[PDB]
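Encoded as structure tokens, the following chain is the form deposited in one PDB entry, with no partner shown.
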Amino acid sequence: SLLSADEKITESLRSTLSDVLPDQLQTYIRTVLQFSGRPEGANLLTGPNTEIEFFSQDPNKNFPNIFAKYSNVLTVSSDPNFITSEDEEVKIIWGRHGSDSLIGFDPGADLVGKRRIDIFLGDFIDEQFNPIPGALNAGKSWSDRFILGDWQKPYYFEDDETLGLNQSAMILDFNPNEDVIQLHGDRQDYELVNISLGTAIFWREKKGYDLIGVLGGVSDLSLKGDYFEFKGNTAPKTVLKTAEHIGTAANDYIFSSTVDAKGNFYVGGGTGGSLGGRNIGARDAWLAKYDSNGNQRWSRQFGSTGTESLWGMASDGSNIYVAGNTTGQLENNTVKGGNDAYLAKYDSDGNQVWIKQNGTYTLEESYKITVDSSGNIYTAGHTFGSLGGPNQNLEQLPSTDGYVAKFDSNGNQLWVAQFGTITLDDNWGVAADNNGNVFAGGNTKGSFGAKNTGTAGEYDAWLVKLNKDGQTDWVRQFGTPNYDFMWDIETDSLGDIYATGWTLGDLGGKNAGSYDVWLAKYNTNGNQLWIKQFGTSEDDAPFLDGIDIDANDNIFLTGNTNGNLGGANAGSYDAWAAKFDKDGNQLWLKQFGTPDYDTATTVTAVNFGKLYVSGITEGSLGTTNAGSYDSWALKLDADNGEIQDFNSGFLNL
């Protein structure tokens, strides 16, 4: 019975949120909500006001650690929630800028009897809480999609004789004029109820009710509004049966790929399921090997009871080096505090050779890896601590510096370099040349290699060249007064460095609309050679492992678009890929996907062989979707981007 729903919902949410969230974080979040135009959630956090320990060296009090533990804070890009993991009862999922596809509940995880509240902020952008008059993006917002169910099941659904208050979403900034709430089934499956907090969305069990989500600060909605998207009960019809499909009932992601000297193709990423092995807990890292004819040779899965992913992989020709982050303690390792980075080595037969976990007392992220021609390995990432040297911002607001770490083939650390500004510097790229140097790239809110022309700390792209000993040879910075965002970098055979990303401004040319793609080239002496910019009127961007360069110095880019970039858009975002020559001429541009959300995440070219583009989807790409996100790999003709079947006349003279 919906009688006294208002009181029961408030008491249940308040009880769970105030039990789970540390008082430090409750204090911080109350201040955020009060500063914004959506204060409804603040009364649900009843812990005492507590000093926020922004710079504590105790990993249990360090506030970046605490905030990261209970949050998925995404990027300025239009993001899928590429970091979601079932490792806490309560999560704050924060999209920031861009048209974000926000999910927090894994329908394939065993969550029976578990308290689960996901607090969603679709935008709540930096400009709102760092108010600077005239900031280019002040007052801007985007269409965010809040995923509260899909074709398979409603999310947060306990299906018992209670009101189902133990699991629920709580969306705090839903704007019915722009955002979308995605739901399982059809409108007859739901009843909306006006409550003090706003709106309660109940699933009708036809004998009872179950709370799916609360919408703070919005009332008098209609289930007939176009801001609700209903997904039915049947899996999407399959397209692109030429693709290799990888998926479980849980969220499965390919985030990276590589090839070895024999032409075997590797992919890897994170999974909430049992993909390469039995799930250890929450998200695990995984990888898999295919021969050049498309037959899978093996799959492996590793990690901890906490959360980890493979974010990057690279080969020395035979072995497969993999890098990422963990919230736990990996095998034969010790935790440094909070989240750490790791590097691991797999041999060609799938044997895990070693794992090296490292970091500081506070938050590390690591998304990138490269292997040089001598077989040494470099990882890159960012840290709130003092990993390669003192953080630029020590205790007097905490922020990241970039780092690069160099290892030998046995995992011995040869050096670690750390660099940046007093404010945010994130790494999104690492690449060795053939002469002992290594490049790194990423984003900064500051003036690292140049004066930032943004008036409100908007991101610029940066590049650093390090020598064989980890000393900087130069720092470069480029951008517009708006946000410019780098995703990946790579070198060519001459040692020149290329970077790819997106921009909201006019970086290489006039912006066609929304996000556009760019490709920039610098020479080894730090001279900017050119920047190409291209796109549609809609949202176009590379994503994650967005560039690769083959032995002919052809450049390949990949990412997502919700426009008609390479062809007619199939629906939502699609994947795209493109090929360039070393002088920036675009050789071809292709687009592919399903009617549902798709994005490429990685591209690897085989020298004189096939091109592989891989990624993730909410649709049925390759075969029927098994649950939430599945992943895919496409084998392309590198000369024209045409898709080949993934699985594949002699004269005696």
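What we label the rigid core is the largest C-alpha set whose atoms superpose within 1.5 Å from one form to the other. One-based numbering along the sequence shown.
Going from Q396 to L397, you skip over 4 to 9 residues of the deposited sequence that the entry leaves unmodelled. The entry models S648 and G649 with a gap of 4 to 9 deposited residues left without coordinates.
Remark: stretch with higher mean C-alpha B factor among 50-58 and 580-588 is 50-58. Comparing the deposited coordinates for 537-545 and 86-94, the stretch with the larger average C-alpha B-factor is 86-94. You'll see in the entry that, of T234, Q418, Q128, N251, the Cα B factor peaks at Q128.
Out of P390, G306, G381, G122, it is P390 whose C-alpha atom has the highest B-factor in the PDB entry. The entry lists a Cα temperature factor for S15 that places it in the highest third of the chain's modelled residues.
In the PDB entry, a CA B factor belonging to the highest third of its chain's modelled residues is recorded for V32.
Sorting the modelled residues of the chain by their CA temperature factor places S274 in the middle third. For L611, the recorded CA B-factor ranks within the lowest third of the chain. Only modelled residues enter the ranking. Remark: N43 belongs to the highest third of its chain, ranked by C-alpha B-factor as recorded.
Although it is not shown, the form deposited in another entry is what the next lines describe.
Per-residue Cα shift between the shown form and the other one after core alignment stays below 2 Å for all of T536, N333, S572, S315 except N333.
Once both forms are fitted on their rigid core, the CA atom of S56 lies 2 Å or more apart between the shown form and the other one. The rigid-core alignment places the CA of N585 less than 2 Å apart between the shown form and the other one.
Relative to the superposed rigid core, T623 undergoes a CA displacement smaller than 2 Å between the shown form and the other one. With a change of no less than 3 Å, the CA-CA distance between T423 and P59 is smaller in the other entry than in the form shown.
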